[PDB]
Each structure stands twice: as C-alpha cells, then as structure tokens.
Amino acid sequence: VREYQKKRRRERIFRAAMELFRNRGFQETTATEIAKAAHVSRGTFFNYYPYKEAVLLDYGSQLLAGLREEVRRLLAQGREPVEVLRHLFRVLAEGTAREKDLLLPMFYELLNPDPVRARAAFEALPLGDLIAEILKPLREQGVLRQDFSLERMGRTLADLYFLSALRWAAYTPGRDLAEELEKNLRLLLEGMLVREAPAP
C-alpha cells in the first residue's frame, strides 16, 4: 500500500506544480506554493522533486513517451521512415510552440553547468534514440550510411532540434519553427550536396 500511496503523492505534487506553472509562470512559482497546493510540506516537495526543473523533466518525458508511441505506431502501419521523420518534427514544432513557456526553462536544464543535472535532463529526454529507431529501417533498406551508428546520427539530429527550439522560444518566437526543423531534417538527412533527380 505504501508504494501506491507514494506514487499517488508524487502525481498530486506533479499536478499541483504544473497547474501553478501554467497559471502563474514557472519562474514565479515557488516550492512553498507547490507544497501548499499539493498539501505537503516544503520538505516533502523536495523529497519528490529536488529542484523545480525536475517537474518539467517529468512532463517532457511524458511528452516524449507519447511521441514514441506515435512513431512506433506509424512505422508498424507501414509509413515510410522518411515521412515518419518529417511528421515527428512537424509535431515537435507544433507541440513545442504550444508549450513554449513550460519547455523553455526545461531546455536550459540540458545546459545546466552541473553535469549531474545536465545528464539527468539528457536521460529524461532521449529524443536522439527515438530518431535512431526511425533511421533503423532505412539502414536495413540499404539507403542509410553505415560508417556512423544510428544512435550517433540520431543524437545529432536531436541536438539540432534542441538548439533550434531553444533559440526559437528564447529569441525568435515569431518565426516558423516547423520550417526550421524541416530545414534541419533535410540538411542532415540529404546533405548540402545535390542528389540525383529521378526520371519522371
């Protein structure tokens, strides 16, 4: 019973924090307000979430898990891997824009000077590995290079998504993020060098 009670307590604290972050802002909301809203002590809030960003990482992990189900579902349905890739970035751009105010402070956590926290953020948001799953079928199809691992190429594309999304959210939210992510995808997938146009 204690296990269930702890999971329930963590979820209530999580819900309480997300609502406050949404309604009043992430930076403006304190651990004491979250604790009060979830009916726990300030000390208990920290036992579950050592720092406020850990709450956002939990949300990000949830978002990524949904994207993982979606990607696996599409591949299983027989969608072309490249189209699944384009779709993923399209939805990533759309979702990032919808949740901009919550995701921005989350993105900075991946740049935390403290390496333990940067690593924690990285492990909670493994987009690189999800991309690698889409590249896999391409490698088996013989159209993907094999001098670099799937994980390394996936990591690279995810790193680009990260920098584009962060700069978009922090400095140029008026620009078209979907267009920017499509640019990253095309450039890394096809390269800057021209390719063969098939016969009509």
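Position 1 is the first residue in the sequence shown; the rest follow in order.
Mean CA temperature factor is higher for 139-147 when stretches 42-50 and 139-147 are set side by side in the entry. When the C-alpha B-factors of 72-80 and 113-121 are averaged, 72-80 comes out higher. Looking only at 85, 104, 97, 130, the residue with the top Cα B factor in the deposited structure is 85. Out of 62, 156, 27, 164, the entry records its largest CA B-factor for 27. Per the deposited record, the Cα B-factor of residue 8 falls in the middle third when ranked against the other modelled residues of its chain. When the modelled residues of the chain are ordered by their C-alpha B factor, residue 37 lands in the highest third. In this PDB entry, the Cα temperature factor of residue 190 sits in the bottom third of its chain's modelled residues, the lowest group. Among all modelled residues in its chain, residue 180 ranks in the middle third by Cα B-factor.
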